[PDB]
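All Cβ positions, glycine included, derive from the backbone under ideal geometry; neighbour counts span all protein chains shown. Laboratory data are not the source of any read-out in this text; all were calculated from the coordinates shown.
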Amino acid sequence: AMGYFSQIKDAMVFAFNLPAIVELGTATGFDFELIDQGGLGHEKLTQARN
Amino acid sequence: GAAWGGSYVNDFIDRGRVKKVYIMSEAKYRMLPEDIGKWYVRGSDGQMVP
């Protein structure tokens with residue numbers, strides 16, 4: 001399916017299998033939050049993320 | 001009440017944080033019993049009455 005769905009130009013379509021436990025992520029994955037600690041704003045936080 | 005005790009009208013955003021908006025008399029106009037006469041209400045006629 002991902003072989004077929006990679007050639008769909010209009011959208012960005014993915015197919016995946018059910019995780020064993022949804023809350024558990026990939027053992028190699030990390031969940032990282034980029035917090036705006038100084039009232040910088042949305043644009044400055046986006047620039048920092050970029 | 002608004003002049004002599006202050007009133008909380010609504011919220012505003014200050015550096016991205018929701019904060020309150022207050023209206024109150026200036027200090028020099030709410031200090032003495034004689035300052036009560038300085039305040040005028042508007043009647044139906046459109047004229048200010050102390």
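Starting from residues that are under 15 Å from the mean Cα position of the chain (by Cα) and of a type in the set (A, V, I, L, M, F, W, C), keep the ones in the range B:14-50 and report whichever is nearest to B:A3 (Cα to Cα). It comes out as B:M24. Can you name the residue in the range A:18-50 that is aliphatic (A, V, I, L, M) and surrounded by 10 or more Cβ atoms within 10 Å (Cβ to Cβ) and, of all such residues, is nearest to B:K19 (Cα to Cα)? The extreme case among them is A:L40. For A:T46, the requirement of being of a type outside the set (K, R) and farther than 15 Å from B:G16 by Cβ is not met. Scan the range B:10-40 for residues that are of a type outside the set (V, I, T) and touching a strand residue (DSSP E or B) at 6+ places or on another chain (Cβ under 9 Å) and the total you get is 8.
In the range A:27-50, the residues that are within 14 Å of chain B (Cβ to nearest Cβ) form Cβ pairs under 9 Å with partners that are part of a helix (DSSP H, G or I) and of a type in the set (S, T, N, Q), at six or more places apart or across chains, as follows: A:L40/A:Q47. Taking the criterion of being loosely packed, with under 10 Cβ neighbours inside 10 Å, within 14 Å of chain A (Cβ to nearest Cβ) and at negative phi, the residues of the range B:5-18 that qualify are B:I13, B:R17, B:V18.
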